[PDB]
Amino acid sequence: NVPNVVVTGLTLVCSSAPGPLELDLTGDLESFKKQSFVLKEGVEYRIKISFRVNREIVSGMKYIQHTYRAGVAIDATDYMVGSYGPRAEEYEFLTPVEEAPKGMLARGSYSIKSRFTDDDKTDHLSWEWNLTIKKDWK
């Protein structure tokens, strides 16, 4: 049977972004490693993680995210998702509002290691993507 939990996507929710910033997590995750979303410095945003539970209840689901700059971790955050049972409709998790960095010295590439797990520490899905902070959506 298809995994009990299927992570289906990640969306960088930003009201002022010119276009959609989302990753399809149901396909090939390798392509993301060479790609990067552009985010204007200082803008507020959230991260929407779409997923579905197919058969059994899952408890303590957490969306983990480590952010690196110049190859070194500058932040680690565990987002308590919750315990949710099976449902036909796809679930969506929104992290609290975040604020992007500002100032020259904050600009540049940022790499993210993302993981969706639960209590049993199950690796429901892990993936790496990139971000680039710019003065404007340039």
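Residue numbers here begin at 1 and follow the sequence given.
Here the stretch with the larger average CA B-factor, out of 108-116 and 81-89, is 81-89. For the set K40, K34, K62, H66, the maximum C-alpha B-factor listed in the entry falls on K62.
The PDB entry gives the largest Cα B-factor of the residues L29, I47, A76, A70 to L29. Among all modelled residues in this chain, the alpha-carbon of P20 has a temperature factor (C-alpha) in the highest third. Sort the modelled residues of the chain by CA B factor and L131 lands in the middle third. In the deposited entry, the Cα temperature factor of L125 places it in the lowest third of its chain's modelled residues. In this PDB entry, the Cα temperature factor of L10 sits in the bottom third of its chain's modelled residues, the lowest group.
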